[PDB]
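Colleague: Quick one, structure for this:
(one chain, ligands or ions: 3)
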Amino acid sequence: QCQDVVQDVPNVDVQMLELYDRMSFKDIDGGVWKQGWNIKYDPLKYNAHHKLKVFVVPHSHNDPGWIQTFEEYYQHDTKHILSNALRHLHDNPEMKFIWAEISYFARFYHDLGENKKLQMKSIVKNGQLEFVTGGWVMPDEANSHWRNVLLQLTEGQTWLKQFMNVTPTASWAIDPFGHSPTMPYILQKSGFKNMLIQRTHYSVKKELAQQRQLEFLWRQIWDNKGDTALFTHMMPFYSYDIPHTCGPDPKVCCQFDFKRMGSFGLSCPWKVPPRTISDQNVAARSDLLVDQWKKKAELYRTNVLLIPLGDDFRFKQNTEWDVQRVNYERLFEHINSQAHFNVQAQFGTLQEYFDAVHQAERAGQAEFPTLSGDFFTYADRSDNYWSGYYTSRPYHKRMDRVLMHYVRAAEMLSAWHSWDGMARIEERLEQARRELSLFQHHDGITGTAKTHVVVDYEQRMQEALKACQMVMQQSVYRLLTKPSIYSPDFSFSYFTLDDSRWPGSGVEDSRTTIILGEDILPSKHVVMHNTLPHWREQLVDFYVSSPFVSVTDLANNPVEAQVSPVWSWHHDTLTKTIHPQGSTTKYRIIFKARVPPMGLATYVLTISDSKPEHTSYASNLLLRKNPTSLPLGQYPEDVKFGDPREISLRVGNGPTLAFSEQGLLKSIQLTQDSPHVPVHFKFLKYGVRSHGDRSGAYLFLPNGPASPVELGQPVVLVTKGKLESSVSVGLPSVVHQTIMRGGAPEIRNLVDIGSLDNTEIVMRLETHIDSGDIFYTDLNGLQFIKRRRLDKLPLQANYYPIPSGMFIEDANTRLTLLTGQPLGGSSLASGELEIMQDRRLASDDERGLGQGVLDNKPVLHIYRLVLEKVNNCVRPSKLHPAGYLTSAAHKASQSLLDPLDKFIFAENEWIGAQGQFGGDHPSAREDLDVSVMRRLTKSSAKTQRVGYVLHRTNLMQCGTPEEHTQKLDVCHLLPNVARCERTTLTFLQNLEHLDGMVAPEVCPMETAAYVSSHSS
Ligand SMILES: *[C@@H]1O[C@H](CO)[C@@H](O)[C@H](O)[C@H]1NC(C)=O
Ligand SMILES: OC[C@@H]1[C@@H](O)[C@H](O)[C@H](O)c2nccn21
Ligand SMILES: [Zn+2]
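Modeller: Numbering: from 1, shown residues only. Ligands and ions are numbered 1, 2, ... in the order given. The relevant structure is shown in the block below.
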């Protein structure tokens, strides 16, 4: 049983945090290898009995959207590459080619007639065309949530298994801008044996190369045993293009990119063109090329050398296939027949390279170092750190996380039944999974694509959201209607989703108001869904046409509720203030919903002509100089006014929060007797450099530390209710809201950077926590890694991805900020946290995009802020590279990422309505999640199969006694189980047939997958 992930510091050869603390970072001219040194080799190292085995691996990097849309690239480029690949590989048996992006391959394959399909299958079966990774895309590693990394891998690999009968075990990640250990975590659990990465900091490449530590067994930071390890190969040079893959001198290597001789437009920037290989020059050319290979081979431990051969959208023209193939074949024939070289070179695939390396390891020829850590933040040269894309296009970053939840919910809700083909459930789920998967591309969620490409991704994600809504609402109808009364029309809307936080108040008026009245419809059913495997209570809110509404459950038990006005903010260009207006026609009703594990609960809203017994009304206070009245229609309590002043609020037994006269948090007091702890929000802006390198979509190159946003005298709105209170303030570019429901506050920022060109807006938290230079940021929502601010690095290098959370702590106190969207952030001084909200850049940053970022739109960012006493917690030691959340902070993260879903019944009467679904579902331990529940079979299959992915996090022990909980056995969630198997995380390979058809729960920090089979 389980590894302790807290108290044992793993012993690794390279631990990236420790290596950063020691490493120099000096940007020194290394010669032809600009960022390295002049490599020397011993010519007698290789001989008749010990030859350098060189695998030249043709490839073509195909971005599913970047400068053109996916479909534009497919029509203009990729359909040709793949057509020509099919023809040339089929005609040339020794030619090889690897392919990464299954989205394009599936797009292609489904346009192929049978003859070509058969031909394609044959070049895959004979090993000439090899799929690497096999994901739908090559995902970003900074902003992506691990659940979506696994989704897009499963989408591509399930397609490959079904249509090509192959499952890749080698991964190829040549382009994401920095690399995360979440990848080997997911890959290793999905049957992978090896992986290749490229974009790591040039200083790290030089450091590892010096020690021949470019190939290593990459384990997770908390892994003491090393069972998570995956063999990784890091490429050594500046790019994956031909000039940077043959050896250390690009002026030489460029001469062996035969597409650069003129007729393809392309040329060599180092001024020496390739020349066709002939008998008159083959010897000289071979000398040149082998010398480059033998230099590159010096950086590695075995006698097996990987030479990628490709670049972006290569192998497009038939003439290009011929010019590369024929010229390399001429080199290989000469080189391999010249004993004096002691080289055997051939086209290969990636798996061939790794198979050969491991054969060399097994022969005792090499031992490999172990490594843990991550590879952020990347810089490709000088002080050009790629921390800009941790925030770029934040509207779509947030939309990613919204779609993530709705895909999970729709797959889970619809999994409980088998559906007739006419329902189109599988079709809709496939479309949603594929649009979300596509967006995980390293120019998708990263916000590094052209404006019109961003719009395409946005439209596709909008379609996905609608598809999820359709599936979820049909599922709810079926799950909550008496079976003998259930009468579906599969094109009808029984329920509409109500989402309070997307697109968000002030972003879009998309919420429907429930219209009730004594003379018309008196009442309305609403339904909440809880995707998490434990009972959950959460305040939910609805818009209603009257303030006089009562809430009941479906046993007619009253439910305590609170009504508040609907407040919207407007840039009142008449008075030149950002101020709130109250609705006179609709109101917000809020109540606590309690919902079963992975289940549903129905409530009823009912109108009355006066105040209901169990409904209370918020008070409202507008703090501003020179106030004017704010009428609220029928709302029964008048708004109060006041001059700006410090205020204090407390909901329930929860913390007391104090606010500045500018409506920004100043302090938090946890309990009535405890101290008021300074926690101050502030908004600042970064600018761009006037001379030298410009920030763009990719790069963050600030012109110095951020300067405070001048606030003036902003308007502050205070709402005080029994269930929920809030302070909102209209600041320049940001409506900032602090919401209190009785535990950790929620923060919402409506961010509209307007036409503030060349500006980045940051939210900072200033505390007196003595964190020093240490802080913690998450990786892909999966784990928290210790960061150390280094003064030897510039500010932008100390920015990291914040895909779900960050924290600082000292011996007694921790401040944790959870996010509902991936953004960039740091701790730039002891006691501070900061997180970038948006950025508007009018300049290109010279990484191939050819535009700045000037397509900003209002976005509602959501957060939770958790202040905790941690002197009693059992924490890792100072040398441990991980941190872990407390239970409160983990639940707060879950509240942002997987909130209850809300449905409003769309017609007047719901005949056969039921009160609950899932009351008998086990309520699992709080650290356990069912990350995926997906039915894997269509309704015609005699044996139905459902897949589950279980993930258990690790939470800090802080002395709260553990409650009794029920064991979750996913294999018994559906009736008539006939088998339970443990599988790889993609569901594609059976790993263990389970005794008694019981799926065991998993250890802390482990993730497992199970498939239950059912007789149907
Ligand atoms: C799929 O690949 C396997 C190798 O695991 C092979 O034995 C089998 O013949 C292939 N199945 C089909 C249907 O082609
Ligand atoms: O500079 C990074 C960009 C990537 O964003 C993109 O995905 C693409 O593959 C590419 N080719 C050349 C440059 N780039
Ligand atoms: Zn790319």
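
Colleague: Bridge partners for residue 808, pull those for me.
Modeller: residue 815 (DSSP bridges).

Colleague: Identify the residues contacting it.
Modeller: Listed by Cβ atoms under 8 Å, 6 or more residues apart in numbering, the contact partners of residue 808 are 767, 769, 771, 774, 775, 776, 814, 815, 827, 831, 832, 833. The way it works is simple: take the backbone N, C-alpha and C, and place the C-beta from them, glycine included.

Colleague: Return the residues in contact with the residue positioned nearest the centre of the chain.
Modeller: For the chain, residue 144 is the residue whose C-alpha lies nearest the centre (Cα atoms, centre = their mean; 1.4 Å). Contacts here follow Cβ under 8 Å, 6+ apart; on that basis residue 144 touches 400, 440, 445, 780, 803, 822.

Colleague: give me phi/psi at it?
Modeller: The phi/psi pair for residue 144 (degrees, to the nearest 10) reads phi -70, psi 140.

Colleague: ok, the closest residue to it other than its chain neighbours to residue 148 distance?
Modeller: Excluding its sequence neighbours, the residue lying closest to residue 144 (Cβ to Cβ, 6 or more residues apart in numbering) is residue 440, at 5.1 Å. According to Cβ to Cβ, to the nearest Å, residue 440 stands 5 Å off from residue 148.

Colleague: any shared contact partners between these two?
Modeller: Shared contacts of residue 440 and residue 148, counting by Cβ under 8 Å, 6+ apart, come down to residue 139.

Colleague: hey, where'd the strands end up in the stretch 101-250 of the chain?
Modeller: According to DSSP state E, counting those that start in this stretch, the stretch 101-250 of the chain carries its strands in the segments 129-131, 170-173, 194-197, 215-218, 230-234.

Colleague: Chain neighbours aside, what residue packs nearest to residue 329?
Modeller: Residue 329 sits nearest to residue 94 (Cβ to Cβ, 6+ apart), 7.9 Å away.

Colleague: Could you confirm that neighbour falls within a helix?
Modeller: No - assignment of residue 94 by DSSP: H, G, I helix; E, B strand; the rest coil gives coil, placing it outside any helix.

Colleague: quick one: contacts for it?
Modeller: Here residue 94 is in contact with 329, 346, 347 (criterion: Cβ under 8 Å, 6+ apart).

Colleague: Give me the distance between it and residue 88.
Modeller: Residue 94 is 11 Å from residue 88, by Cβ to Cβ.

Colleague: Can you name the residues of the stretch 201-350 of the chain sitting close to ligand 2?
Modeller: Residues of the stretch 201-350 of the chain lying near ligand 2 by Cβ under 6 Å from any ligand atom: residue 312.

Colleague: For the residue of the stretch 201-350 of the chain found nearest ligand 2, give me its contacts.
Modeller: Nearest to ligand 2, among the residues of the stretch 201-350 of the chain, is residue 312, at 4.7 Å (Cβ to the nearest ligand atom). Residue 312 is in contact with 60, 61, 62, 63, counting by Cβ under 8 Å, 6+ apart.

Colleague: Determine which two of those are furthest apart.
Modeller: Farthest-apart pair in those is 60 and 63; separation 10.7 Å (Cβ to Cβ).

Colleague: Just the strands from the stretch 451-600 of the chain, written as ranges.
Modeller: Counting by DSSP E, counting those that start in this stretch, the strands of the stretch 451-600 of the chain are 495-498, 513-514, 523-530, 536-544, 549-553, 558-559, 561-572, 577-595, 599-607.

Colleague: Kindly state which of these is positioned closest to ligand 3.
Modeller: strand 495-498 (34.2 Å; Cβ to the ion).

Colleague: Name every strand pairing with the closest one and say which way it goes.
Modeller: strand 901-905 (antiparallel).

Colleague: need the longest helix for the protein.
Modeller: Longest helix in the chain, counting residues (DSSP state H): helix 451-479.

Colleague: about what we covered before: quick one: closest of the strands of the stretch 451-600 of the chain to residue 686.
Modeller: strand 577-595 (21.8 Å).

Colleague: sorry, back to before: pretty sure the residue nearest to residue 144 contacts residue 142?
Modeller: No - taking Cβ atoms under 8 Å as the definition, residue 440 is not a contact partner of residue 142, at 11.3 Å.

Colleague: returning to what we had before: would you list the strands of the stretch 451-600 of the chain in CSV and tack on mean neighbour count?
Modeller: Formatted as CSV, the strands of the stretch 451-600 of the chain follow (neighbours: other Cβ atoms under 10 Å):
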stretch, mean neighbour count
strand 495-498, 20
strand 513-514, 19
strand 523-530, 23
strand 536-544, 19
strand 549-553, 20
strand 558-559, 15
strand 561-572, 20
strand 577-595, 20
strand 599-607, 22
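
Colleague: ok now do residue 895, which residues does it touch?
Modeller: Counted by Cβ under 8 Å, 6+ apart, residue 895 has contacts 538, 746, 864.

Colleague: Most neighbours among the contacts of residue 144, which one?
Modeller: residue 803 (30 neighbours; other Cβ atoms under 10 Å).

Colleague: Which residue is the nearest non-sequential neighbour of it?
Modeller: Residue 803 sits nearest to residue 822 (Cβ to Cβ, 6+ apart), 4.2 Å away.

Colleague: got a list of what whichever residue of the chain sits closest to ligand 3 touches?
Modeller: For the chain and ligand 3, the shortest gap (Cβ to the ion) falls at residue 175, measuring 3.7 Å. With contacts defined as Cβ under 8 Å, 6+ apart, residue 175 is in contact with 61, 63, 138, 198, 199, 240, 442.

Colleague: what's the third one sitting at in phi/psi?
Modeller: Pointing back at residue 138 there. phi -100, psi 100.

Colleague: Run a quick neighbour tally on residue 674.
Modeller: 12.

Colleague: Over to residue 484?
Modeller: Around residue 484 there are 7 residues (other Cβ under 10 Å).

Colleague: what's the answer for residue 842, then?
Modeller: Neighbour number of residue 842 under other Cβ under 10 Å is 15.

Colleague: isn't it right up against residue 854?
Modeller: Yes - Residue 842 is within contact range of residue 854, at 6.2 Å (criterion: Cβ under 8 Å).

Colleague: Wait, residue 527 touches residue 600, no?
Modeller: Yes - look at residue 527 against residue 600 with Cβ under 8 Å: they come within range, at 5.7 Å.

Colleague: Alright, that wraps it up for me.
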